[PDB]
A.B. asks: 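Before we start, here is the structure in question, set down as structure tokens.
Proteins get letters first, then strands, A, B, ... in listed order; numbering begins at 1 in each.
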2 protein chains.
Amino acid sequence: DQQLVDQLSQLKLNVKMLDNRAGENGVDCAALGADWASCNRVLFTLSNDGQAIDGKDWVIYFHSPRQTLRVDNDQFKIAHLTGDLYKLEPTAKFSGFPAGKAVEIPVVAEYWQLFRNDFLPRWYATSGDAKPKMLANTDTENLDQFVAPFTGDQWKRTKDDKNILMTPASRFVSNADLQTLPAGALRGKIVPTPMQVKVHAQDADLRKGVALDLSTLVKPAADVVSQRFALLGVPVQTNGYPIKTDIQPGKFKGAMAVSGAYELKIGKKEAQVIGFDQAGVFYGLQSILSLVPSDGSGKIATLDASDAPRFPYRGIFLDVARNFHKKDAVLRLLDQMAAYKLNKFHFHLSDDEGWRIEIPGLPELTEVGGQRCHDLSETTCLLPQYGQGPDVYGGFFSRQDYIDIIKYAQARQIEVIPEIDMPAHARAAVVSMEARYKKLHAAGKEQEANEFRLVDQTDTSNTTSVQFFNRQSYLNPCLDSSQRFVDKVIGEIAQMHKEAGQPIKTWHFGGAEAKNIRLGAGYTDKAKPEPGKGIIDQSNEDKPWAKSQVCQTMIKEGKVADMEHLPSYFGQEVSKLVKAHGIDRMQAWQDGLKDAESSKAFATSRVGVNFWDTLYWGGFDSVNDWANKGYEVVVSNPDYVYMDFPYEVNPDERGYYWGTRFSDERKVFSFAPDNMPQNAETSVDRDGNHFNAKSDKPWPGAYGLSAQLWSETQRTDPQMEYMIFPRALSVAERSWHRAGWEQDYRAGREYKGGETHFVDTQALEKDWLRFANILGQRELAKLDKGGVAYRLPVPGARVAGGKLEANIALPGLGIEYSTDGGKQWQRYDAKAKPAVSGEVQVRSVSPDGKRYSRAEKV
Amino acid sequence: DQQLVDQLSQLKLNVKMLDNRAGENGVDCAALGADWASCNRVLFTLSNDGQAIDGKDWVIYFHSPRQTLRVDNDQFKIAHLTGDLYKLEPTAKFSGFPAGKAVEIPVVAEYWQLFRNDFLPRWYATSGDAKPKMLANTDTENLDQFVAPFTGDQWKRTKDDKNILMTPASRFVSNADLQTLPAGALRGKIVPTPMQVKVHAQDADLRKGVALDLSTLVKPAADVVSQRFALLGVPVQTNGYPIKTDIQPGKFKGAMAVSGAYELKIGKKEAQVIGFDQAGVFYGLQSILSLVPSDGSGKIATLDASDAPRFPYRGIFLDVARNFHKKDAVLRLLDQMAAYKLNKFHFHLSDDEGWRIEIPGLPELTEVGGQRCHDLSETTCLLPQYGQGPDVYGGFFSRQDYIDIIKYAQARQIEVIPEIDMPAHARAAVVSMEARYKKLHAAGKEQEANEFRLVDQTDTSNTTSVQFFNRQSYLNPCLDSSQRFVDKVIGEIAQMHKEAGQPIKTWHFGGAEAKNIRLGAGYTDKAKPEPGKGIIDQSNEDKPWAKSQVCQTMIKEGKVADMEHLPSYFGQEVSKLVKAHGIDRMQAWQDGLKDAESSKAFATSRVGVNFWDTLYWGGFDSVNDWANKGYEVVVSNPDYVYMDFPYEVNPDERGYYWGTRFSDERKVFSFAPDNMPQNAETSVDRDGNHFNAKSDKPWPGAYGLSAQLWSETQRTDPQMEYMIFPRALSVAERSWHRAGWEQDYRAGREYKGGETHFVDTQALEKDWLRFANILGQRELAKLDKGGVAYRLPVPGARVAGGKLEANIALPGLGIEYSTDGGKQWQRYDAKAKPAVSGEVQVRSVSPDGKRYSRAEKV
Ligand SMILES: CC(=O)N[C@@H]1[C@@H](O)[C@H](O[C@@H]2O[C@H](CO)[C@@H](O)[C@H](O)[C@H]2NC(C)=O)[C@@H](CO)O[C@H]1O
Ligand SMILES: CC(=O)N[C@@H]1[C@@H](O)[C@H](O[C@@H]2O[C@H](CO)[C@@H](O)[C@H](O)[C@H]2NC(C)=O)[C@@H](CO)O[C@H]1O
């Protein structure tokens with residue numbers, strides 16, 4: 001009853017990693033069904049400061065990105081619901097949570113959990129008809145309340161992991177090659193770096209305002225510029241320092257004759273921006289804005305520049321489906337994107353755990369798909385996921401909200417690319433359409449109920465997606481109703497784009513991995529075990545839709561060759577619908593198009609691919625084939641531009657890490673997207689090891705670059721901003737500028753990490769030093785003004801001769817230190833290092849002095 | 001002597017624009033007498049690869065649409081003869097064209113010359129009794145032989161010109177909103193769009209021929225249909241797919257009860273056409289024909305349609321006077337007109353530089369008026385004009401040729417409307433009648449000599465027409481002999497119409513601007529200069545006929561109020577003669593009727609007006625008054641339907657451009673003729689700027705739409721066809737169909753370009769996309785079969801990711817590209833874009849693969 005839920009809600013949870021490499025230390029992970037025989041042991045401790053909890057009629061629900069394989073306290077048992085949702089229950093041996101006692105429940109989980117952020121908050125208790133209530137100490141974003149610190153080598157994935165744990169001591173080394181440059185050494189440095197620029201000794205003076213001739217821009221775009229001068233402290237007045245604008249395409253030739261190109265002259269009494277087009281004028285103005293200093297001095301260098309995109313597609317991807325992000329955060333994101341010339345906003349509006357766009361005619365997509373709550377019947381919500389608690393959690397963009405975002409993006413030269421995943425990663429749609437089916441069927445409106453249904457009633461397939469959902473994660477690609485659904489959705493969103501003044505150019509249909517993970521290579525069948533693989537019963541595992549009778553008949557009539565080809569087939573069909581709706585470009589994650597012959601297989605005249613192989617797994621060679629088959633490659637490599645991954649290897653950092661252990665501003669910046677093999681000399685793999693890379697194939701070139709904020713653990717808007725910024729500035733730099741150290745691709749050139757010296761690292765490090773300093777001494781202050789909760793890097797620090805030496809990943813940022821265990825903080829001055837003894841802590845401070853990085857012991 | 005002419009003929013001319021905005025860069029254009037103080041500087045270079053040319057007894061004649069105001073090489077001087085004819089001569093300082101030297105002669109000309117087509121070919125040399133010989137490198141239609149390319153911003157009319165120069169790069173953008181539609185998306189699409197239509201899933205099969213029941217049509221009309229099925233590859237056999245026809249007016253009601261209306265049913269085994277009248281049956285058959293595909297498949301969609309004219313008058317105007325166009329080209333034009341339901345052929349048979357209709361009794365009109373040759377005495381020819389060389393150039397339709405054309409038009413439901421200009425634009429008649437006078441006077445037949453004379457012997461008026469002719473361009477409206485001439489001409493042409501079986505319904509008397517341009521607002525008098533105007537001596541400038549003593553006496557007796565009213569008076573008098581000849585409708589360009597009280601002032605029961613004001617000069621408001629005064633408005637706006645203007649803003653394109661800088665298929669199609677103000681949201685003005693439009697007056701509606709091919713620079717038949725087609729298809733569409741995006745006119749509604757959003761642009765663009773695709777994938781192939789040398793649009797192209805992306809104004813057309821500077825050409829395939837580096841050129845190809853657009857560098 002409710003009293004039982006009450007008692008359980010007051011149990012205090014503690015989560016403690018015991019062994020991240022349990023298979024290396026005896027546990028038979030293979031027998032437990034762990035992928036590649038890899039598993040970890042964790043201790044869940046439930047402490048009871050109240051009276052005995054002896055009731056047996058209860059379930060405790062919790063979330064985890066890892067499956068639970070074994071429970072080592074025989075009073076309890078754990079089962080999986082679907083996705084990340086699990087349940088802990090008493091067994092027949094349960095004898096209660098004794099008064100004033102801590103109950104230990106050791107468990108084994110698949111893989112490893114290398115960051116504390118793996119452990120999700122908001123466990124909750126239930127009991128016959130009572131209402132669900134969270135275990136209170138878990139109702140928080142502060143992991144310290146319920147997750148013990150990692151100790152020793154618990155951060156290591158394997159005994160041979162070569163990654164470097166970051167602490168003040170090791171981080172000092174990681175930063176040592178850097179230094180703070182004098183303001184005089186950073187004059188006329190536009191970000192992103194301009195193609196050609198000549199800075200002159202003198203500075204224009206903008207302190208008395210500027211006179212802006214913005215007649216070349218449509219009003220909304222002009223307003224964006226005017227407002228940014230004001231945000232940056234530069235008055236806009238008719239008697240200010242002139243800034244003239246003009247548009248003349250003919251003035252541009254060759255590679256410079258492209259949208260966004262401009263010519264810029266900053267003189268000591270006036271300024272001039274000549275654009276290839278409106279975007280070019282706009283970017284020319286952003287460059288002037290990038291020079292505005294953070295000291296309010298208003299002085300910028302006189303200079304002469306010519307500038308143009310290396311790539312037409314400079315993207316930022318944002319997942320609002322796993323966890324929602326409010327309209328105001330999207331707008332802030334779009335503001336910074338404009339500031340750094342990123343022009344493409346790839347909007348991941350649906351996935352298995354949420355559907356975030358209102359669709360006229362299909363209310364259930366947002367009424368049910370737009371929220372998660374504990375309703376085991378998923379009639380009013382999707383099941384809870386991602387540690388947001390058992391109560392209703394969610395949100396979605398109204399039709400007006402969405403039109404508003406498109407207008408906002410467009411004023412800023414950013415194109416909105418809507419992504420609606422299918423056939424995989426569609427659980428929100430499927431479950432919502434099942435609720436619609438059920439509701440309309442109840443009223444006896446069977447044709448209306450079946451109009452948009454995404455389930456084949458006959459399908460009993462047994463498949464598991466990458467996030468551990470079942471067949472409901474997959475929309476059925478063989479139903480006429482599924483095509484009615486896709487048509488309806490494209491139709492509705494395209495109309496919003498037309499009303500917002502930016503007709504869709506590209507439709508992104510997802511195309512994520514649509515396979516049953518239980519048939520993957522790391523699992524083995526129980527009949528005949530092969531060592532080192534997770535032993536499971538594969539005799540009832542199917543391929544997606546294998547038991548769908550509609551698909552079976554579709555194959556039989558000759559529409560599709562077999563079940564394996566359904567995903568490919570579905571992508572060709574979506575392309576027809578995209579085209580039928582007047583959209584002539586389609587885009588997808590690579591898996592959704594791999595089985596296609598080439599780009600000629602699609603109805604649209606252009607097909608883009610979000611290339612997401614890692615390099616250490618051969619992505620430096622598989623990328624080629626995509627361009628050579630006629631697809632436009634949007635470089636989206638997870639080992640460099642997945643912004644849901646950690647900034648640094650430290651178990652207190654946020655992020656998933658399946659593709660690599662960390663990607664900091666420096667790493668993102670060091671990535672050479674158009675000569676993938678060269679990255680072997682400038683980066684290490686997921687385990688910190690050197691790798692080699694070479695391709696013998698032709699490489700026509702990449703179409704664009706895109707960085708991704710997936711949102712599994714970015715539960716709040718602040719967390720989203722911490723993960724995106726400031727590394728998205730590095731993304732903008734590389735997306736816009738081809739550096740000298742980025743070599744032309746050479747078929748047959750083999751780069752060997754730690755062995756070959758083809759790459760001009762001297763030039764790379766100098767470029768990075770200057771960029772880091774621009775971020776530290778100037779741009780982060782602008783991010784402050786923008787209201788984005790960017791990540792402040794923790795200092796690097798060491799004690800030598802009894803004094804503190806500190807350094808930072810983004811030189812220019814203030815560093816503070818504390819000798820009293822963090823009670824009182826003092827400014828660190830490099831040219832007057834402090835004498836210290838005993839425990840010392842360090843932290844960095846934002847330019848406006850209001851925010852701090854986390855603090856760490858030296 | 002002849003040796004001198006020989007030497008000069010071998011000089012090689014080069015024409016190079018130096019400054020199209022000379023007045024903005026210091027030249028005092030006002031002082032030079034330039035209209036509105038606007039002038040341009042051009043370099044004429046004469047290169048001599050032979051021995052020295054030191055003779056002084058020579059004149060070099062050349063043509064230009066602009067007057068020469070100054071010569072900046074004091075060895076030479078230039079004078080104007082009349083019209084476009086000028087002469088370059090040595091001065092007393094001339095010291096010869098040195099051997100192996102290029103002589104530079106910079107000149108200043110009035111206005112601007114924005115297209116290379118402004119410069120006319122066939123300069124020629126003369127010298128005492130020798131025979132005239134052209135400078136050989138100028139004897140060509142290929143401007144590249146003697147006119148340098150334009151560079152930089154030489155295409156701009158003013159420093160603020162906002163037009164967009166079209167190059168592959170900018171044209172790609174201009175075309176980007178378009179795409180190629182799948183054949184399946186273009187089923188049952190009749191052109192022009194039918195009023196009501198319902199397409200069904202199935203296709204009739206015409207590959208085995210059709211069985212045509214054409215008993216509803218008179219033989220000649222039936223033959224036209226039979227032949228078109230054959231041209232389009234559809235056999236006509238008694239055992240083919242039936243196509244029945246019937247005429248029943250009663251079957252039509254309301255707006256649909258009009259000539260040309262029909263009902264059409266296309267079934268899978270037979271077809272049915274029910275016409276309001278013969279024209280309606282004929283149009284019903286053209287609609288079936290419009291559906292015949294270009295793949296020879298013979299498949300057309302089953303459908304049910306109701307269709308009728310929005311306007312009774314759907315005109316194509318053709319000038320054969322400035323430059324002649326052969327009977328075969330007129331016939332081809334009439335063929336295409338029938339195909340697209342255009343039913344009115346406005347035949348501009350006379351003007352100042354030619355008279356093209358044989359008139360029994362007045363042989364001099366064609367013997368002298370029908371040819372131009374270098375005879376300074378204009379006894380056997382009119383003076384040379386329009387760069388056709390010094391030898392005899394011309395032609396004219398015999399009485400039989402003309403009767404033949406009328407018969408041909410009539411079989412095709414097209415009415416021939418003859419235009420004989422007067423009182424202005426009559427130099428051919430005046431000079432021919434002066435030669436008749438002189439000849440008959442020589443024989444002592446003074447009454448015969450004076451019978452048809454168009455000159456008052458006493459008239460010493462000093463006036464200048466728009467094309468820079470003097471008083472001989474104006475027939476004298478006060479002479480009895482002039483009325484004898486007009487009566488004779490109407491009498492003779494009306495009889496041809498009766499013999500051809502199509503009695504004239506409308507007589508068009510021209511009524512072009514009959515004023516002395518030297519008294520216009522842009523000129524000022526030298527006594528008292530006002531700034532910004534061309535300074536001239538206006539003390540000897542008169543109004544037309546001011547010095548005619550016959551007119552002075554006509555005014556004195558009370559027949560006409562003053563000289564200013566002579567043109568108005570003459571139009572009332574012509575109306576009496578038109579009526580006396582049994583013609584009950586008269587038509588004119590607006591200026592010829594503006595001074596009239598209203599339509600009640602004319603003898604005919606109907607008076608039409610070719611409305612030709614531009615919209616940005618207030619035509620959206622002045623049009624109203626014409627209908628409200630009882631005239632039938634034939635919309636002929638030069639800013640949209642003057643087909644002598646350029647398809648696109650590029651200095652290598654052909655066309656005059658005084659009313660607007662370009663009118664492409666899209667623009668013609670976007671024109672809303674019956675709600676003129678709405679064009680403010682869908683077009684820009686002559687300088688590429690937005691304009692506003694609103695009328696508060698009543699607007700009963702337009703009578704018709706007419707597109708005009710004036711022929712100053714359309715020197716050949718091919719050029720005539722390039723200028724008419726394919727934009728005349730857009731003309732036919734709009735002349736026949738009122739689109740949904742064409743709003744009802746609303747008094748007081750102010751459309752503001754770039755500000756108001758009243759017009760459904762979404763619907764306009766979708767309509768245009770479909771139309772463009774119909775032209776590209778189907779109709780242009782028919783134009784090929786028709787033998788018309790239509791204009792092929794140059795591709796739009798860009799390079800991204802190192803691959804070529806190309807697009808086209810008329811989707812469906814093949815695109816080719818060259819990477820070897822145009823030596824070898826390859827087909828462009830959108831779904832397999834080519835990897836390119838360095839210089840790339842693009843061109844489009846006609847559906848039959850035999851013709852190409854001009855090529856341009858990407
Ligand atoms: C717990 C964990 O790390 N699971 C991995 C998945 O996150 C990952 O899925 C891909 O990466 C994104 C997270 O970075 C996912 O949000 C997204 O669904 C998916 N990306 C695409 C394009 O499908 C998969 C990749 O195989 O690996 C898991 O182990
Ligand atoms: C060189 C030039 O552009 N001159 C213009 C004249 O062509 C133009 O005359 C009108 O336009 C037609 C050409 O489009 C002429 O052939 C025709 O004589 C005349 N049309 C009518 C109905 O009279 C005049 C218009 O004012 O402008 C000149 O600048």
Side-chain angles (χ1 to χ4, degrees), chain A residues 215-216 218-219 246-259 261 276-277 309-313 494-495 498-499 501 503 505 576 579-580 582-585 597-608 627-635 674 698-704 745, chain B residues 150-156 159-162 164-174 176-182 184-185 650 688-689 754-755 757 760-763 765-766 769-770 797-807 811 829-839 857-858:
Chain A
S215 58
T216 46
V218 172
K219 184 94 151 71
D246 272 352
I247 290 185
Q248 32 247 223
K251 262 260 141 280
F252 303 88
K253 305 171 301 175
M256 315 269 322
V258 295
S259 176
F276 172 87
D277 63 350
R310 72 185 296 197
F311 310 123
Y313 186 119
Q495 183 56 36
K498 296 183 167 141
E499 300 183 22
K505 283 171 184 32
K576 287 196 277 198
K579 181 68 169 170
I583 299 168
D584 202 27
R585 189 169 181 281
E597 187 264 322
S598 72
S599 54
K600 302 175 188 166
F602 304 93
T604 50
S605 77
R606 294 171 69 186
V607 182
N628 300 313
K629 287 303 281 187
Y631 294 100
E632 300 175 350
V633 171
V634 175
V635 172
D674 221 3
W699 175 236
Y703 180 75
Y745 166 89
Chain B
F150 271 30
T151 53
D153 72 342
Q154 294 180 329
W155 57 267
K156 292 185 188 184
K159 53 191 166 56
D160 303 313
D161 194 333
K162 295 307 188 220
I164 306 180
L165 176 70
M166 293 286 107
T167 64
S170 58
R171 197 188 298 104
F172 184 100
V173 174
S174 174
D177 71 87
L178 298 178
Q179 67 189 270
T180 307
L181 305 166
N650 179 296
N689 288 128
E755 166 179 354
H757 300 271
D760 191 345
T761 49
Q762 254 104 41
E765 196 266 343
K766 177 176 156 208
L769 169 67
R770 282 178 46 234
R798 76 182 156 185
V799 181
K803 303 179 167 200
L804 184 68
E805 179 169 16
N807 64 9
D829 177 0
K831 304 194 190 167
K833 304 182 170 63
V836 300
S837 185
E839 188 200 305
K857 288 175 183 184
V858 181

A.B. asks: Can you list everything that forms a salt bridge (charged side-chain N to carboxylate O under 4.0 Å, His left out) with B:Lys156? Sequence neighbours excluded, please.
C.D. replies: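 Expected list: none.
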A.B. asks: Measure distances from B:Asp829 to the heavy atoms of chain A and classify the residue's part below 4.5 Å as side chain, backbone, both or neither.
C.D. replies: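 Interface part for B:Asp829: side chain.
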A.B. asks: Looking at chain A, which one of B:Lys766, B:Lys831, B:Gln762 has the largest number of heavy-atom pairs inside 4.5 Å, strictly under?
C.D. replies: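 Highest number of pairs under 4.5 Å: B:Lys831.
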A.B. asks: Taking side-chain hydrogen bond (donor to acceptor under 3.5 Å, both in side chains) as the definition, give me every residue that meets it alongside A:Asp246, ordered by chain and number, with sequence neighbours left out.
C.D. replies: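 In terms of side-chain hydrogen bond (donor to acceptor under 3.5 Å, both in side chains), with neighbours along the sequence ignored, A:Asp246 is linked to no residue.
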A.B. asks: Distance from B:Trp155 atom CH2 to B:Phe150 atom CZ, nearest 0.5 Å?
C.D. replies: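 The CZ atom of B:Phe150 is 12.0 Å from CH2 of B:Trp155, to the nearest 0.5 Å.
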A.B. asks: Side chain, backbone, both or neither: which part of B:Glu839 has a heavy atom under 4.5 Å from chain A?
C.D. replies: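 Neither; nothing under 4.5 Å.
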A.B. asks: Please flag which part of A:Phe602 lies under 4.5 Å from any non-hydrogen atom of chain B: side chain, backbone, both or neither.
C.D. replies: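 For A:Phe602, backbone heavy atoms alone lie under 4.5 Å from chain B.
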A.B. asks: Determine whether A:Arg606 and A:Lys505 make a side-chain contact, defined as any pair of heavy atoms from C-beta on separated by less than 4.5 Å.
C.D. replies: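 Heavy-atom side-chain distance check fails, nothing below 4.5 Å.
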A.B. asks: Need one label for A:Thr604: side chain, backbone, both or neither, based on atoms under 4.5 Å from any heavy atom in chain B.
C.D. replies: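 Just its backbone gets close to chain B.
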A.B. asks: For chain B, which of A:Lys600, A:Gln248, A:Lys253 has the most heavy-atom pairs under 4.5 Å?
C.D. replies: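 Maximum pair count with chain B is reached by A:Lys600.
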A.B. asks: Find out whether A:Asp674 and A:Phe311 are in side-chain contact, i.e. whether some heavy atom of one side chain is under 4.5 Å from a heavy atom of the other.
C.D. replies: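 The answer is yes; the side chains approach within 4.5 Å.
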A.B. asks: Using a cut-off of under 4.5 Å on heavy-atom pairs, state which of A:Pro249, A:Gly582, A:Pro309, A:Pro312 scores highest against chain B.
C.D. replies: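 The option with the most such pairs is A:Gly582.
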A.B. asks: Heavy atoms, side chains only, cut-off 4.5 Å: are A:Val258 and A:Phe252 in contact?
C.D. replies: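 Answer no - side chains too far apart.
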A.B. asks: With chain A as the partner, which of B:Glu805, B:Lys833, B:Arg798 has the greatest number of non-hydrogen pairs under 4.5 Å?
C.D. replies: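 Greatest number of close heavy-atom pairs with chain A: B:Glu805.
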